[PDB]
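Data block for final22.csv (CSV, C-alpha atoms (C1' of nucleotides)):
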chain,number,residue,atom,x,y,z
A,2,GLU,CA,-11.7,-27.1,53.6
A,3,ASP,CA,-11.1,-25.5,50.2
A,4,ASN,CA,-10.4,-29.0,48.7
A,5,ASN,CA,-14.0,-29.9,49.5
A,6,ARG,CA,-15.2,-26.8,47.8
A,7,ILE,CA,-13.1,-27.5,44.7
A,8,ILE,CA,-14.3,-31.1,44.5
A,9,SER,CA,-17.9,-30.0,45.0
A,10,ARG,CA,-17.8,-27.4,42.3
A,11,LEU,CA,-16.2,-29.9,39.9
A,12,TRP,CA,-18.9,-32.4,40.7
A,13,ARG,CA,-21.6,-29.8,40.1
A,14,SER,CA,-20.0,-29.0,36.7
A,15,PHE,CA,-19.9,-32.7,35.8
A,16,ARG,CA,-23.6,-33.0,36.6
A,17,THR,CA,-24.3,-30.0,34.5
A,18,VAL,CA,-22.3,-31.5,31.6
A,19,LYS,CA,-24.3,-34.8,31.9
A,20,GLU,CA,-27.6,-32.9,32.0
A,21,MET,CA,-26.4,-31.0,28.9
A,22,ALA,CA,-25.6,-34.2,27.1
A,23,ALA,CA,-28.9,-35.9,28.0
A,24,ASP,CA,-30.8,-32.7,27.1
A,25,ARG,CA,-29.1,-32.7,23.7
A,26,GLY,CA,-30.4,-36.2,23.0
A,27,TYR,CA,-27.6,-38.6,24.0
A,28,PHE,CA,-28.3,-41.6,26.2
A,29,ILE,CA,-26.8,-41.3,29.7
A,30,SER,CA,-27.1,-44.2,32.2
A,31,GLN,CA,-29.6,-43.3,35.0
A,32,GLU,CA,-27.0,-44.3,37.6
A,33,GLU,CA,-24.3,-41.9,36.3
A,34,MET,CA,-26.9,-39.1,36.4
A,35,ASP,CA,-27.5,-39.5,40.2
A,36,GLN,CA,-23.7,-39.4,40.8
A,37,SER,CA,-23.3,-38.2,44.4
A,38,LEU,CA,-20.6,-35.9,45.8
A,39,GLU,CA,-19.0,-38.6,48.0
A,40,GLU,CA,-19.3,-41.4,45.4
A,41,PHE,CA,-17.8,-39.0,42.8
A,42,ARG,CA,-15.0,-38.2,45.3
A,43,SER,CA,-14.5,-42.0,45.7
A,44,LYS,CA,-14.2,-42.6,42.0
A,45,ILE,CA,-12.1,-39.5,41.1
A,46,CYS,CA,-10.0,-38.2,43.9
A,47,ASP,CA,-6.6,-39.5,45.2
A,48,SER,CA,-5.1,-40.5,48.5
A,49,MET,CA,-4.1,-36.8,48.7
A,50,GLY,CA,-7.6,-35.9,47.6
A,51,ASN,CA,-6.8,-34.0,44.5
A,52,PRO,CA,-8.9,-35.1,41.5
A,53,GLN,CA,-8.0,-36.9,38.3
A,54,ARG,CA,-9.9,-35.0,35.6
A,55,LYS,CA,-8.9,-37.7,33.0
A,56,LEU,CA,-11.5,-40.2,34.4
A,57,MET,CA,-14.6,-37.9,33.9
A,58,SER,CA,-14.0,-37.9,30.2
A,59,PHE,CA,-16.8,-40.2,28.9
A,60,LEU,CA,-18.5,-41.3,25.7
A,61,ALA,CA,-22.1,-40.6,24.9
A,62,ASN,CA,-24.3,-42.3,22.2
A,63,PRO,CA,-27.6,-41.0,20.7
A,64,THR,CA,-30.7,-42.2,22.3
A,65,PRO,CA,-32.9,-43.9,19.6
A,66,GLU,CA,-35.6,-41.2,19.9
A,67,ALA,CA,-33.0,-38.4,19.3
A,68,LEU,CA,-31.8,-40.5,16.4
A,69,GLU,CA,-35.2,-40.9,14.8
A,70,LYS,CA,-35.8,-37.1,15.4
A,71,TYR,CA,-32.3,-35.5,14.8
A,72,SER,CA,-30.9,-37.7,12.0
A,73,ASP,CA,-27.7,-35.7,12.1
A,74,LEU,CA,-26.9,-36.8,15.7
A,75,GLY,CA,-23.6,-38.7,15.8
A,76,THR,CA,-21.4,-39.8,18.7
A,77,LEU,CA,-20.3,-37.4,21.5
A,78,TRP,CA,-17.0,-37.1,23.2
A,79,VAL,CA,-16.7,-35.0,26.4
A,80,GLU,CA,-13.3,-34.2,27.9
A,81,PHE,CA,-12.3,-32.4,31.1
A,82,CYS,CA,-8.8,-31.2,30.4
A,83,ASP,CA,-6.0,-30.9,33.0
A,84,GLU,CA,-4.1,-27.9,31.7
A,85,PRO,CA,-5.6,-24.7,33.1
A,86,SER,CA,-4.5,-22.6,30.1
A,87,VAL,CA,-5.0,-24.5,26.8
A,88,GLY,CA,-2.9,-23.8,23.8
A,89,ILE,CA,-2.5,-24.8,20.2
A,90,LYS,CA,-0.7,-28.0,21.3
A,91,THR,CA,-3.6,-29.3,23.4
A,92,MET,CA,-6.2,-28.4,20.8
A,93,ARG,CA,-4.1,-30.2,18.2
A,94,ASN,CA,-4.1,-33.3,20.3
A,95,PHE,CA,-7.8,-33.1,21.0
A,96,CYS,CA,-8.7,-32.5,17.3
A,97,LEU,CA,-6.4,-35.4,16.3
A,98,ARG,CA,-8.1,-37.7,18.8
A,99,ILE,CA,-11.6,-36.6,17.7
A,100,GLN,CA,-11.0,-37.2,14.0
A,101,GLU,CA,-9.1,-40.3,15.0
A,102,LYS,CA,-12.2,-42.1,16.2
A,103,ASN,CA,-14.7,-40.2,14.0
A,104,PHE,CA,-16.4,-38.5,16.9
A,105,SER,CA,-19.0,-36.0,15.5
A,106,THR,CA,-18.9,-33.6,18.5
A,107,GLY,CA,-16.1,-32.9,21.0
A,108,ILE,CA,-16.8,-30.9,24.1
A,109,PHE,CA,-13.6,-29.5,25.6
A,110,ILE,CA,-14.2,-28.3,29.2
A,111,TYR,CA,-11.4,-26.1,30.4
A,112,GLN,CA,-10.5,-24.3,33.6
A,113,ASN,CA,-8.8,-20.9,33.0
A,114,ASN,CA,-8.6,-19.8,29.4
A,115,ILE,CA,-8.4,-21.0,25.8
A,116,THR,CA,-5.9,-18.9,23.8
A,117,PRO,CA,-7.0,-17.4,20.4
A,118,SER,CA,-4.2,-19.3,18.6
A,119,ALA,CA,-5.7,-22.5,20.0
A,120,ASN,CA,-9.2,-21.0,19.4
A,121,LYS,CA,-8.6,-20.9,15.7
A,122,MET,CA,-8.5,-24.7,15.4
A,123,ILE,CA,-12.1,-25.0,16.6
A,124,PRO,CA,-13.8,-24.2,13.2
A,125,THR,CA,-11.1,-25.7,11.0
A,126,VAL,CA,-11.6,-29.3,12.1
A,127,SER,CA,-14.4,-30.4,9.8
A,128,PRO,CA,-16.3,-32.6,9.6
A,129,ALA,CA,-16.1,-33.1,13.3
A,130,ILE,CA,-17.4,-30.4,15.7
A,131,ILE,CA,-15.5,-29.0,18.7
A,132,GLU,CA,-17.2,-26.9,21.3
A,133,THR,CA,-15.7,-25.6,24.5
A,134,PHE,CA,-17.1,-24.5,27.9
A,135,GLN,CA,-15.4,-23.1,30.9
A,136,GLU,CA,-15.8,-24.9,34.2
A,137,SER,CA,-16.8,-21.7,36.1
A,138,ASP,CA,-19.7,-21.3,33.6
A,139,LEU,CA,-20.9,-24.9,34.1
A,140,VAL,CA,-21.3,-24.9,37.9
A,141,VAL,CA,-25.0,-23.8,37.6
A,142,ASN,CA,-27.2,-25.3,35.0
A,143,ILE,CA,-28.9,-22.2,33.6
A,144,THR,CA,-31.8,-24.0,31.9
A,145,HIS,CA,-33.1,-24.7,35.4
A,146,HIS,CA,-33.4,-20.9,36.1
A,147,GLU,CA,-37.0,-19.7,36.4
A,148,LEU,CA,-36.5,-16.9,33.8
A,149,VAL,CA,-35.1,-19.3,31.2
A,150,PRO,CA,-38.0,-21.2,29.5
A,151,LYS,CA,-37.4,-24.6,27.9
A,152,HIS,CA,-35.8,-24.4,24.5
A,153,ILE,CA,-36.4,-27.3,22.0
A,154,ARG,CA,-34.5,-27.5,18.7
A,155,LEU,CA,-36.7,-28.2,15.8
A,156,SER,CA,-36.0,-30.9,13.2
A,157,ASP,CA,-35.5,-30.1,9.5
A,158,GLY,CA,-39.0,-31.2,8.5
A,159,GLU,CA,-40.6,-29.2,11.3
A,160,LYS,CA,-38.5,-26.1,10.5
A,161,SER,CA,-39.8,-26.4,6.9
A,162,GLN,CA,-43.3,-26.7,8.2
A,163,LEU,CA,-42.8,-23.6,10.4
A,164,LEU,CA,-41.5,-21.6,7.5
A,165,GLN,CA,-44.3,-22.5,5.2
A,166,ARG,CA,-47.1,-22.0,7.8
A,167,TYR,CA,-46.0,-18.4,8.1
A,168,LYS,CA,-44.9,-17.9,4.5
A,169,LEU,CA,-41.5,-16.9,5.9
A,170,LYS,CA,-37.9,-16.6,5.0
A,171,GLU,CA,-35.2,-17.5,7.4
A,172,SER,CA,-34.1,-13.9,7.9
A,173,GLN,CA,-37.6,-12.8,8.9
A,174,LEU,CA,-37.6,-14.8,12.1
A,175,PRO,CA,-36.6,-13.6,15.6
A,176,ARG,CA,-33.0,-14.6,16.2
A,177,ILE,CA,-30.6,-16.1,18.7
A,178,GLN,CA,-26.9,-15.7,18.8
A,179,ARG,CA,-24.6,-18.7,18.4
A,180,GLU,CA,-22.9,-17.4,21.5
A,181,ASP,CA,-26.1,-17.2,23.5
A,182,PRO,CA,-25.8,-19.2,26.7
A,183,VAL,CA,-28.8,-21.4,25.9
A,184,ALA,CA,-27.7,-21.8,22.2
A,185,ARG,CA,-24.2,-22.5,23.5
A,186,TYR,CA,-25.6,-25.0,26.0
A,187,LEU,CA,-27.7,-26.7,23.3
A,188,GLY,CA,-25.1,-26.9,20.5
A,189,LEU,CA,-27.1,-24.9,18.0
A,190,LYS,CA,-25.7,-24.6,14.5
A,191,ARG,CA,-26.6,-21.8,12.1
A,192,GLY,CA,-30.0,-22.2,10.5
A,193,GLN,CA,-31.5,-24.4,13.2
A,194,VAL,CA,-34.6,-23.2,14.9
A,195,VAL,CA,-35.5,-23.6,18.6
A,196,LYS,CA,-39.0,-23.5,19.9
A,197,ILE,CA,-39.5,-21.6,23.2
A,198,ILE,CA,-42.8,-22.2,25.0
A,199,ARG,CA,-43.2,-19.7,27.8
A,200,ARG,CA,-45.6,-18.2,30.4
A,201,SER,CA,-48.1,-15.6,29.1
A,202,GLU,CA,-50.2,-13.5,31.4
A,203,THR,CA,-52.6,-12.5,28.7
A,204,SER,CA,-53.2,-15.9,27.0
A,205,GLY,CA,-51.7,-18.5,29.4
A,206,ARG,CA,-49.3,-20.1,26.9
A,207,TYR,CA,-47.3,-18.7,24.0
A,208,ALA,CA,-45.0,-20.4,21.6
A,209,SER,CA,-42.0,-18.4,20.2
A,210,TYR,CA,-39.5,-19.4,17.5
A,211,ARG,CA,-35.9,-18.2,17.0
A,212,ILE,CA,-33.4,-19.1,14.3
A,213,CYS,CA,-29.8,-19.3,15.3
A,214,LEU,CA,-28.5,-16.3,13.1
B,1,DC,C1',-15.1,5.1,16.6
B,2,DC,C1',-10.1,5.8,15.2
B,3,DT,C1',-4.9,5.8,16.6
B,4,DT,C1',-1.1,3.9,19.1
B,5,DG,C1',1.5,1.4,22.9
B,6,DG,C1',2.2,-2.6,26.1
B,7,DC,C1',2.5,-8.1,27.9
B,8,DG,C1',1.2,-12.9,26.1
B,9,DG,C1',1.1,-16.8,22.5
B,10,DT,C1',3.6,-19.4,19.4
B,11,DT,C1',8.2,-20.9,16.4
B,12,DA,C1',12.4,-21.9,16.3
B,13,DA,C1',17.1,-22.4,17.6
B,14,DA,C1',20.1,-23.1,21.7
B,15,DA,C1',22.8,-23.8,27.3
B,16,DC,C1',22.2,-27.0,31.8
B,17,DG,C1',22.3,-31.2,33.7
B,18,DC,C1',22.2,-36.1,34.7
B,19,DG,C1',23.5,-40.3,33.8
B,20,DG,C1',27.0,-42.7,31.4
B,21,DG,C1',30.3,-45.0,28.7
B,22,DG,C1',34.6,-45.2,26.7
B,23,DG,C1',39.2,-43.0,25.9
B,24,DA,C1',43.8,-40.3,26.8
B,25,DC,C1',47.0,-40.8,30.4
B,26,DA,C1',50.3,-42.9,33.2
B,27,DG,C1',52.5,-47.1,34.4
B,28,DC,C1',54.8,-51.6,33.6
B,29,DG,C1',56.9,-54.7,30.8
B,30,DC,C1',59.2,-56.3,26.5
B,31,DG,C1',61.7,-55.8,22.1
B,32,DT,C1',65.1,-54.3,18.9
B,33,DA,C1',67.1,-49.9,16.1
B,34,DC,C1',70.4,-47.1,16.0
B,35,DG,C1',73.9,-43.8,18.1
B,36,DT,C1',78.7,-44.2,19.4
B,37,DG,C1',82.5,-46.0,18.2
B,38,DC,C1',86.2,-48.7,15.4
B,39,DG,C1',88.3,-50.7,11.1
B,40,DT,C1',88.6,-50.1,6.0
B,41,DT,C1',87.9,-47.6,1.7
B,42,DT,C1',87.2,-44.5,-2.3
B,43,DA,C1',85.3,-40.6,-4.7
B,44,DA,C1',84.6,-35.4,-4.0
B,45,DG,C1',87.7,-31.7,-4.0
B,46,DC,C1',92.2,-29.0,-5.9
B,47,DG,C1',94.5,-28.1,-9.4
B,48,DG,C1',95.5,-28.4,-14.1
B,49,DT,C1',95.1,-29.4,-19.4
B,50,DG,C1',92.9,-29.2,-23.3
B,51,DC,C1',88.6,-28.8,-26.6
B,52,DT,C1',84.6,-26.5,-28.2
B,53,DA,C1',78.8,-25.0,-28.5
B,54,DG,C1',76.4,-21.5,-28.9
B,55,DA,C1',74.5,-16.9,-26.7
B,56,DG,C1',75.8,-12.0,-26.9
B,57,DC,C1',76.4,-9.0,-30.2
B,58,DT,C1',76.1,-6.9,-34.8
B,59,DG,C1',74.1,-6.2,-39.0
B,60,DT,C1',70.3,-6.3,-42.7
B,61,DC,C1',65.7,-6.8,-44.5
B,62,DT,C1',60.7,-6.6,-43.7
B,63,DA,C1',55.9,-7.5,-42.7
B,64,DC,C1',52.5,-7.9,-39.2
B,65,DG,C1',50.8,-4.8,-35.9
B,66,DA,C1',49.4,0.1,-34.3
B,67,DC,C1',46.3,3.6,-35.9
B,68,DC,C1',42.3,5.6,-38.3
B,69,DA,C1',38.0,5.9,-40.9
B,70,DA,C1',33.5,3.1,-42.4
B,71,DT,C1',30.1,-0.9,-41.5
B,72,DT,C1',26.6,-3.8,-39.3
B,73,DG,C1',24.5,-7.9,-36.5
B,74,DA,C1',25.0,-10.8,-32.8
B,75,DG,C1',25.5,-9.1,-27.9
B,76,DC,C1',22.7,-7.1,-24.4
B,77,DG,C1',18.5,-5.4,-22.0
B,78,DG,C1',13.7,-6.3,-21.0
B,79,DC,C1',9.8,-9.5,-21.0
B,80,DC,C1',7.1,-14.3,-21.5
B,81,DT,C1',6.4,-19.4,-20.5
B,82,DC,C1',6.5,-23.8,-18.5
B,83,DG,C1',8.6,-28.1,-16.2
B,84,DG,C1',12.2,-30.3,-12.1
B,85,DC,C1',12.1,-30.8,-7.9
B,86,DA,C1',11.9,-29.0,-2.3
B,87,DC,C1',8.9,-30.0,0.4
B,88,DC,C1',4.8,-32.7,1.9
B,89,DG,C1',2.0,-37.0,2.8
B,90,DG,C1',2.8,-42.1,3.4
B,91,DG,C1',4.9,-46.9,3.2
B,92,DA,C1',8.9,-50.2,2.7
B,93,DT,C1',14.2,-50.7,4.2
B,94,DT,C1',17.6,-50.9,7.4
B,95,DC,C1',20.7,-50.2,11.3
B,96,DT,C1',20.9,-50.5,16.2
B,97,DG,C1',20.9,-51.7,20.4
B,98,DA,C1',19.6,-54.8,24.4
B,99,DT,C1',18.7,-59.8,25.1
Would you mind writing the structure in this file as C-alpha cells?
Amino acid sequence: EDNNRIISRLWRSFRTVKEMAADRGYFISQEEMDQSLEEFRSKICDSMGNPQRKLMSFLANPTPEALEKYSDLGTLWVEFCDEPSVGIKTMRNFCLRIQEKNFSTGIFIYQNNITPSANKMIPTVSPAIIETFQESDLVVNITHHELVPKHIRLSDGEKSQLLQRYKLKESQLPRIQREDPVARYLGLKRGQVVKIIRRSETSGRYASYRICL
DNA sequence: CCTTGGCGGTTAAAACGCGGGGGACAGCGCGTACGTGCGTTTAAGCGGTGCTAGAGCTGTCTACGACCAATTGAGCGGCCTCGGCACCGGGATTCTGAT
C-alpha cells in the first residue's frame, strides 16, 4: 500500500541524488547507480518496513577527469535527514560535521521545510558549502526532460576564452538565476558559466552561454 | 507597492515524573542526673548607730559662640580618554562515583 509508494518515491529521489552527484563530476560506483527498488528496500527498510534515512547518507569523491577539469572540486557529503522540519539545531549539527571532516560541499536533503532561522546558517559556514534540496523536488530528474537541454559548466580557462572571443564583460552575457532548477541541480556558484547546446530548427545546432548572475 | 495584523521559530527559564537513596520517626534497650526529700548551717534581712562625699544650689566673672557684612577657590557640573576584566575560546586539574 502507501508504504510501497513512500519507499518507491524515496528510492527515486535517491537515484536522482546519485545522478546529480555523478553529473557534477563525483565518482559513483556503477553498482550503486543501478540500485533497484527491492534491493534498496532490502538495504534500507526495517522489519516493520519503514526506512532508515541514515544509511543513504554516502560520501562521494571527485572522478579524476572532473579533477583535471574542475580543479576546485573537493569532497562531497550527501545526507538524507530524518527530521521533517529542520531547525537551527539540525543545521548547527550538519555544519559542525561538514567542517569537522573538511567536506567541501554538503547536500542536505529534507522532507517538509527548512526554517529561515536555520536557512541563515547555509551561507555563513565558509569555506565549506551547504546546499539543500527538498525530497518532493527530487523525485523526477528534470535534466531528463525533453525541454531541458544539457547544461555543462565551463572551467575557468574556457570561461576566459569565451569572454575574450566575444570581447565581453561578465554582465553582458545572458544570465541564469542561482535558484534556477538546473543551476540548483548543478551547484553553480556566482560567476560560473554553463554552456547549453540545444536543438535549432534553422541551423540544426546552436550553442548558448549563460553566466550565473 | 505600501501599511498593518496574525501564527511559527527560537531563547531562556521553569513544573512533572521516574527511579532512587538515605533520613526523620518510632521503638527498644541502657545509663546516670537530678528532683524530692532529709539533716545541717550561715549570711541576707531588720533594725539601729554613727560618719561623711559630694551634687544641688547659689553666686560671680567672662569669653566663645550667634549674627552680620565682605571675600574667593576648591566644590560641582559637564565632557574626554583609556585599561581591568566578563565573557569567550581552549587545555590542564580534580573530585566522583562505580568497580
**Asked** Mind listing as a ChimeraX atom specification which residues of chain B are within 10 Å of chain A, counting all atoms listed in the file?
**Response** /B:8-10
**Message:** Using Å and a single decimal, report how far CA of residue 5 in chain A sits from CA of residue 108 in chain A.
**Reply:**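 Going from CA of residue 108 in chain A over to CA of residue 5 in chain A covers 25.6 Å.
Distance annotation: of A:126, A:162, A:54, A:12, the residue with the minimal separation from residue 111 in chain A is A:54; atom set is only C-alpha atoms.
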Using all atoms listed in the file, determine which residues lie at most 12 Å from residue 70 in chain A, disregarding the query and same-chain residues fewer than 4 positions distant; provide the list as a PDB file with C-alpha atoms, in the coordinates of the input.
ATOM      1  CA  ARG A  25     -29.100 -32.700  23.700  1.00  0.00           C
ATOM      2  CA  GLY A  26     -30.400 -36.200  23.000  1.00  0.00           C
ATOM      3  CA  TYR A  27     -27.600 -38.600  24.000  1.00  0.00           C
ATOM      4  CA  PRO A  63     -27.600 -41.000  20.700  1.00  0.00           C
ATOM      5  CA  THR A  64     -30.700 -42.200  22.300  1.00  0.00           C
ATOM      6  CA  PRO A  65     -32.900 -43.900  19.600  1.00  0.00           C
ATOM      7  CA  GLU A  66     -35.600 -41.200  19.900  1.00  0.00           C
ATOM      8  CA  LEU A  74     -26.900 -36.800  15.700  1.00  0.00           C
ATOM      9  CA  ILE A 153     -36.400 -27.300  22.000  1.00  0.00           C
ATOM     10  CA  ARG A 154     -34.500 -27.500  18.700  1.00  0.00           C
ATOM     11  CA  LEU A 155     -36.700 -28.200  15.800  1.00  0.00           C
ATOM     12  CA  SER A 156     -36.000 -30.900  13.200  1.00  0.00           C
ATOM     13  CA  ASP A 157     -35.500 -30.100   9.500  1.00  0.00           C
ATOM     14  CA  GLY A 158     -39.000 -31.200   8.500  1.00  0.00           C
ATOM     15  CA  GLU A 159     -40.600 -29.200  11.300  1.00  0.00           C
TER      16      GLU A 159
END
**Prompt:** Just how far from CA of residue 102 in chain A is CA of residue 136 in chain A, in Å to one decimal?
**Reply:**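 Between CA of residue 136 in chain A and CA of residue 102 in chain A the gap is 25.2 Å.
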**Request:** Would you mind reading off the distance between CA of residue 179 in chain A and CA of residue 76 in chain A, one decimal, in Å?
**Result:**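 CA of residue 179 in chain A sits 21.3 Å away from CA of residue 76 in chain A.
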**Message:** List as a PyMOL selection string the protein and nucleic acid residues near residue 131 in chain A, meaning an atom at most 12 Å away when all atoms listed in the file are counted, but skip any in the same chain fewer than 5 places from it.
**Reply:** chain A and resi 77-80+92-93+95-100+104-110+119-126+185+188+190
**Item:** Residues within 12 Å of (-21.9, -26.6, 39.2), counting all atoms listed in the file, listed as a PyMOL selection string
**Value:** chain A and resi 6-20+38+135-143+145
**Asked** Hey, what's within 12 Å of residue 50 in chain A if we count all atoms listed in the file and toss same-chain stuff fewer than 2 positions away? As a VMD selection string, please?
**Response** chain A and resid 2 to 8 39 41 to 48 52 to 53
Selection to disk with C-alpha atoms, as an mmCIF file, in the coordinates of the input:
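The file below, part-v2.cif, is the result:
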data_model
loop_
_atom_site.group_PDB
_atom_site.id
_atom_site.type_symbol
_atom_site.label_atom_id
_atom_site.label_comp_id
_atom_site.auth_asym_id
_atom_site.auth_seq_id
_atom_site.Cartn_x
_atom_site.Cartn_y
_atom_site.Cartn_z
ATOM 1 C CA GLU A 2 -11.700 -27.100 53.600
ATOM 2 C CA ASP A 3 -11.100 -25.500 50.200
ATOM 3 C CA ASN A 4 -10.400 -29.000 48.700
ATOM 4 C CA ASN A 5 -14.000 -29.900 49.500
ATOM 5 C CA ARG A 6 -15.200 -26.800 47.800
ATOM 6 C CA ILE A 7 -13.100 -27.500 44.700
ATOM 7 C CA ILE A 8 -14.300 -31.100 44.500
ATOM 8 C CA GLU A 39 -19.000 -38.600 48.000
ATOM 9 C CA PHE A 41 -17.800 -39.000 42.800
ATOM 10 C CA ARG A 42 -15.000 -38.200 45.300
ATOM 11 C CA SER A 43 -14.500 -42.000 45.700
ATOM 12 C CA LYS A 44 -14.200 -42.600 42.000
ATOM 13 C CA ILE A 45 -12.100 -39.500 41.100
ATOM 14 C CA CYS A 46 -10.000 -38.200 43.900
ATOM 15 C CA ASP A 47 -6.600 -39.500 45.200
ATOM 16 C CA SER A 48 -5.100 -40.500 48.500
ATOM 17 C CA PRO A 52 -8.900 -35.100 41.500
ATOM 18 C CA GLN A 53 -8.000 -36.900 38.300
#
